[PDB]
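Spelled out, the chains give:
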Amino acid sequence: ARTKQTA
Amino acid sequence: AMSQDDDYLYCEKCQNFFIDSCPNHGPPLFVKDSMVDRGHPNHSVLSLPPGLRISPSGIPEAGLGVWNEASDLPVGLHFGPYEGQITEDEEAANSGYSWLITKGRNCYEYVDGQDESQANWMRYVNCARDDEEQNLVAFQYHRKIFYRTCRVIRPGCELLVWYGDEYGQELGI
Ligand SMILES: Nc1ncnc2c1ncn2[C@@H]1O[C@H](CSCC[C@H](N)C(=O)O)[C@@H](O)[C@H]1O
Ligand SMILES: [Zn+2]
């Protein structure tokens, strides 16, 4: 869950 | 939708999407990383653009961060691409240094900046906890990730980007 995600 | 399309840039001030230039503000300034030999062990640190500095974050217990030093950074300044190891392996999902890259149509990659010899300085940019300290927006462009300034950044201010809602919950925000 420590995955950076874009809008 | 232009909103969701890789080929398009976005102008903060106008709310315009464009391919080459905002019709009002012209083409965006992309700042180059500094030159460093591929695979260098301190590649991520050494790739840092002039005018910035890697120093302990102002966020408590957040490790290192990236500070602006030289002069005011204007709105709409672009940084990147975020570098790292490209992979679909889901243990990359957990490094804490990965961005999801959407290849469209329910398929995706990770770019994992965990390894300093493969990553660039953007791995050191910390996560904003409130929209008042956020001065970078991460976004996907040409199948890669870039950060752009969404406010003026004065000397002595830390650069801070929003990691997405899932990682933010994980950070307790
Ligand atoms: N708002 C925040 N609060 C607490 N820790 C944060 C944070 N933003 C980033 N971090 C820390 O930084 C990690 C993301 S990687 C960012 C660079 C890291 N600070 C480093 O020293 O290399 C997270 O796992 C977390 O430990
Ligand atoms: Zn514009």
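For this deposition, the record names X-ray crystallography as the technique by which the model was determined and cites 2.30 Å as its resolution.

(A) Broad picture of the interface of chain A and chain B. Every contact between the two is made by six residues of chain A and, on the other side, 21 residues of chain B. Roughly 1200 Å² of surface becomes buried between chain A and chain B when both sides are summed, with 48% attributable to carbon and sulfur atoms. Pairing of strand β1 (residues 3-4) of chain A with strand β8 (residues 98-102) of chain B, which is carried by two bridges, proceeds in the parallel orientation. Bridging across to β8 of chain B, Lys4 of chain A finds its partner in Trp99 of chain B.

(B) Quick look at the coordination of the zinc ion (ligand 2). Residue and element names in this part refer to chain B. Bound to the zinc ion (ligand 2) on the protein side are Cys11 (SG), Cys14 (SG), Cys22 (SG) and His25 (ND1), at distances that span 2.2 to 2.5 Å. Around the zinc ion (ligand 2) sit four donor atoms, and with donor-metal-donor angles ranging over 83 to 123° the site reads as irregular. Along the chain, the residues donating to the zinc ion (ligand 2) are arranged with the sequence spacing C-x2-C-x7-C-x2-H. With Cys14 in the loop between β1 (9-11) and β2 (16-18) and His25 in the loop between β2 and β3 (30-31), the pair connects residues that are 11 residues apart, well separated along the chain.

(C) Broad picture of the pattern of salt bridges. Residues and elements named next belong to chain B. For the coordinates displayed, the defined rule picks out five salt bridges over all chains. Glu109 is the salt-bridge partner of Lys103, the closest N and O atoms lying 3.0 Å from each other. Here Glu116 makes a salt bridge to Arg123, at a shortest N to O gap of 3.6 Å. Look at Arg123 and you get buried, because its relative accessible area is 6%.

(D) Fine view of unusual backbone geometry. All names here are of chain B. The peptide bond linking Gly80 to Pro81 adopts the cis configuration, its omega dihedral lying at 10°. Phi at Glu61 takes a positive value of approximately 55°, unusual for a residue other than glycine. With a relative accessible area of 88%, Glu61 lands in the exposed category. Phi angles above zero are rare outside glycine, and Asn106 is one such case at about 50°. Topologically, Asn106 is positioned in the loop between β8 and β9 (108-112).

(E) Broad picture of the environment of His43 of chain B. Residues and elements named next belong to chain B. As for its position among the elements, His43 is in helix α1 (residues 43-46). Overall, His43 belongs to the buried group, its relative accessible area being 9%. On a C-alpha basis, the gap between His43 and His142 in space is 23 Å, while along the polypeptide they are 99 residues apart. Residues in contact with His43, not counting those within four places in the same chain, are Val36, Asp37, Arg38, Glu83, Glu116, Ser117, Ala119 and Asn120.

(F) Layout of the layout of surface pockets. Residues and elements named next belong to chain B. Taken as a whole, the largest pocket spans an internal volume of roughly 780 Å³. Looking at the lining of the largest pocket residue by residue, the classes come out as 13 nonpolar, nine polar and five charged. One number sums up the size of the second largest pocket: a volume of about 440 Å³. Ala62, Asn126, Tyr163, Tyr167 and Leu171 are the residues nearest the centre of the second largest pocket, which is lined by 20 residues in total. Grouping the amino acids of the lining of the second largest pocket by side-chain chemistry returns 11 nonpolar, four polar and five charged.

(G) Spotlight on the site of ligand 1. In the region of ligand 1, 16 residues are neighbours, and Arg2 of chain A together with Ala62, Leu64, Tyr97 and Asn126 of chain B sit closest. Separating a nitrogen atom of ligand 1 from a backbone N or O atom of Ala62 of chain B is a distance of 2.5 Å. Interatomic distance of 3.2 Å between a backbone N/O atom of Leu64 of chain B and an oxygen atom of ligand 1. Against a free-state accessible area of 550 Å², the protein chains account for coverage of 82% of ligand 1.

The rules behind each value
Counting starts from 1 on each chain and follows the sequence as written, independent of the entry's numbering; residues without coordinates are not shown. Just so you know, chain letters begin at A and ligand numbers begin at 1, following the order they were written in. To get the side-chain values, take all heavy atoms of the structure and skip hydrogens and water. Contact definition: two residues touch when any of their heavy atoms are within 4.5 Å. Accessible area, probed at 1.4 Å, shrinks when two parts are joined; the buried area is that loss added up over both. At least two bridges found by DSSP between two strands are what make those strands a pair. Think of it this way: any DSSP run of H or I at least four residues long counts as a helix, any run of E at least two long counts as a strand, and we number them from the N terminus. Water is not among the atoms examined, so metal sites may look incomplete; donors are the N, O and S atoms within 2.8 Å of the metal, or within 3.2 Å for Na, K and Ca. Square planar and octahedral sites, with four and six donors, are those where opposite donors lie more than 155 degrees apart and all other angles lie between 65 and 115, tetrahedral sites have four donors with every angle between 85 and 135 degrees, and the rest are irregular. Put simply, a salt bridge is a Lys or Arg side-chain nitrogen that is within 4 Å of an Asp or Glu carboxyl oxygen. Each residue's exposure class comes from its accessible area (1.4 Å probe, protein chains only) as a fraction of the maximum for that residue type: buried when under 20%, exposed when over 50%, partly exposed otherwise. A 1.4 Å probe that fits into a set of points on a 1 Å grid over the protein atoms alone but cannot get out defines a cavity; an open set with protein on both sides within 12 Å along at least five of seven lines defines a pocket, and lining residues are those with an atom within 4 Å of a point. Grid points are joined across faces, edges and corners, and a volume is the space filled by probe spheres set on the points. Note that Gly is not counted as nonpolar here; it falls among the polar residues with everything else outside the nonpolar set of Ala, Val, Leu, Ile, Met, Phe, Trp, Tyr, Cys and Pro and the charged set of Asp, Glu, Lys and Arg. Note on terminology: near, applied to a residue and a molecule or strand, indicates that one of the residue's heavy atoms is within 4 Å of it. We define a polar contact as two N or O atoms separated by no more than 3.5 Å, with the added condition that, inside protein, one atom must be a possible hydrogen donor and the other a possible acceptor, whereas residues neighbouring each other in sequence contribute only through side-chain atom pairs. Accessible surface area values rest on a Shrake-Rupley calculation with a 1.4 Å probe, where residue burial reflects the displayed protein chains alone.

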